[PDB]
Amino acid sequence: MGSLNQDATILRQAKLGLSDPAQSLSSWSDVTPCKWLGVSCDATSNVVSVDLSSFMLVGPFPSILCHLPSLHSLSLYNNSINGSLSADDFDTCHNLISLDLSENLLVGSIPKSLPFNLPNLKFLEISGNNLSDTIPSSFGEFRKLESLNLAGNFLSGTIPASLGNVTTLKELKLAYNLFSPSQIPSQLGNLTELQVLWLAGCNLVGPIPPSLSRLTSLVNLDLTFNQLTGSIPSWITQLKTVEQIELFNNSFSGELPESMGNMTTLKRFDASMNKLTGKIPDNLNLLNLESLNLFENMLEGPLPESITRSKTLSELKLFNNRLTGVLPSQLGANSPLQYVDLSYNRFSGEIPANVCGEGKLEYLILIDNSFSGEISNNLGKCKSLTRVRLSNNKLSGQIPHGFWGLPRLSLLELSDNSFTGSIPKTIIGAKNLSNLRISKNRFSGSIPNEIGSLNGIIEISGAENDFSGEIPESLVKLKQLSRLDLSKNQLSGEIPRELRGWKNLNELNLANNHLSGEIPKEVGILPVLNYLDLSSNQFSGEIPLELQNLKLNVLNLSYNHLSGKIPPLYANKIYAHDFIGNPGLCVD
């Protein structure tokens, strides 16, 4: 009765200083306090823990809760706790083990007296607020603290060296603050129990200090978005339990350490956006590897064959390097490969047949290589694929019949290869297709009528091929179509007179075909057309006067069989190059 009375009173007093518009604390306003929402008691009915996470509470920090004599845990995570923290706010909180104030609206400085008022803390989080001034040097005085998270605030100055005394620390998160340009303090090497060090976006400069080799329990090292320099130290290779190394977007140079391949515990490695030179290490036995990212470096050599030992590898992005040679034939066969971007390298040889072996492959990006040969029929059955960019390679042969109608395929970019054949009527199946980009190839046959059913399509770019027959009347009823480029082909016939469906059409480019008849009147009514190229055709008759409604970047009706008079808007001599090569055409 007594410790229930005391505690119910303390909790209700706390509640009256907060505002609760979602009515999260209705259960506080007949029943025992130990069964109220967010409230936990020990066996003698004393409140031990108060967890109000995600309760939409608004108001100052309810320091009255610290008057609860057995309170060890307080969470106000993800609320709208506002104002600043006073010294006095934690006067009575000396029993607390856990304090979580992350995701609120706190402003002002962290109190310097906090460690004196909170001597027993193990877990302190104030992540994602608007805190400012410096991290107090007095933080070195915590004798028990295991996890410190001040990530995502506006804290200034430099990371205090005194933090190195807090040798009970297993996690230190200071990422995403406004520190002055400075080095990683050497004293942080004292924190030999650290498993997580997250100093991303902390304006760090210089090398990773040598003293951090003493952090042999690191599981996660994350130093992304700094200007760190020097080698990636090879002692990361002899971390027995390392799972994640994140170094994206620094100025690291030299080579990846050669011994990397023996890091069996490693799940994720990212050293992208650096100045790394040399090769990818070989004799890789990276068994637990899920993700490797080395994009935007100056790496050279092959992708080693021993990457196929990584049977859980799902993400591989090495784009924007100087990588050479042929890729492992067995790549993907025994991996759940999901995202693969090897663009802008100097790879050669064929694309592995079983790259989508386990059916998980979504992105296959290989822009700007020298890949050769044909696309496997296995890829043509890879229904997981959403994004496919194979442009600017040495590829040839015919595309698999199933490859044009994969359900989730959004981008099919094949341009600037030697691909042959006709586009099959199985393209009807590609219900999510936005962008077809097949310029500069050697395709032939008709453009299928089935394309018109794909209501998503915004782009049909198939310039410089050998397409023939008429343009399907289907293509008019594609409300979302933006760009139609079928220039430099063998297309014959006319344009449909009815074009009101093309509300979003911006570019229409049909130059260098065998097209005929008059230019439809409704081209001038099209509300967002800026590009119109119908030159090098056999278009005859009078130029419609409705084209004067348009503001065009490009207007080219040259080298046709046109007749009559040029519309008066385009009468001036600067437009004259747009109409040359037409027998029966003059200016007034």
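Note that the rigid core is defined as the largest set of C-alphas that superpose within 1.5 Å between two forms. One rule holds for the numbers: they count along the sequence shown, beginning at 1.
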**OP:** Name the stretch that deviates more in 4 other deposited structures of this protein: 505-513, or 314-322? Use RMS CA distance to the shown form, core superposed.
**Re:** 505-513
**OP:** Using RMS Cα distance over all structures and residues, flag whichever of 323-331 and 471-479 lies farther from this form in 4 other deposited structures of this protein after a core fit.
**Re:** 471-479
Subject >> Absent coordinates between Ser29 and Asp30 - deposited residues affected, binned into four classes >> reply: 1 to 3
Original post:
Out of 458-466 and 314-322, which one has CA B-factors that are higher on average in the deposited record?
Top reply: 458-466
**OP:** Pick between 360-368 and 425-433: the one whose mean CA B-factor in the entry is higher.
**Re:** 425-433
**OP:** Between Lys477, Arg214, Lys267, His72, let me know which has the highest C-alpha B-factor in the entry?
**Re:** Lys477
Original post:
Which one of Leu247, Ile451, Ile184, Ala151 shows the top CA temperature factor in the record?
Top reply: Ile451
**OP:** Comparing against every modelled residue in the chain, figure out the third that the C-alpha B-factor of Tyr531 lands in (lowest, middle or highest).
**Re:** middle
Original post:
Relative to the other modelled residues in the chain, which third contains the C-alpha temperature factor of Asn572: lowest, middle or highest?
Top reply: highest
Original post:
If you rank the chain by CA B-factor, which third does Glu243 end up in: lowest, middle or highest?
Top reply: lowest
Subject >> Chain thirds of CA B-factor: placement of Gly59 >> reply: lowest
**OP:** Determine, from the deposited record, the chain-internal third of the Cα B-factor for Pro111: lowest, middle or highest.
**Re:** middle
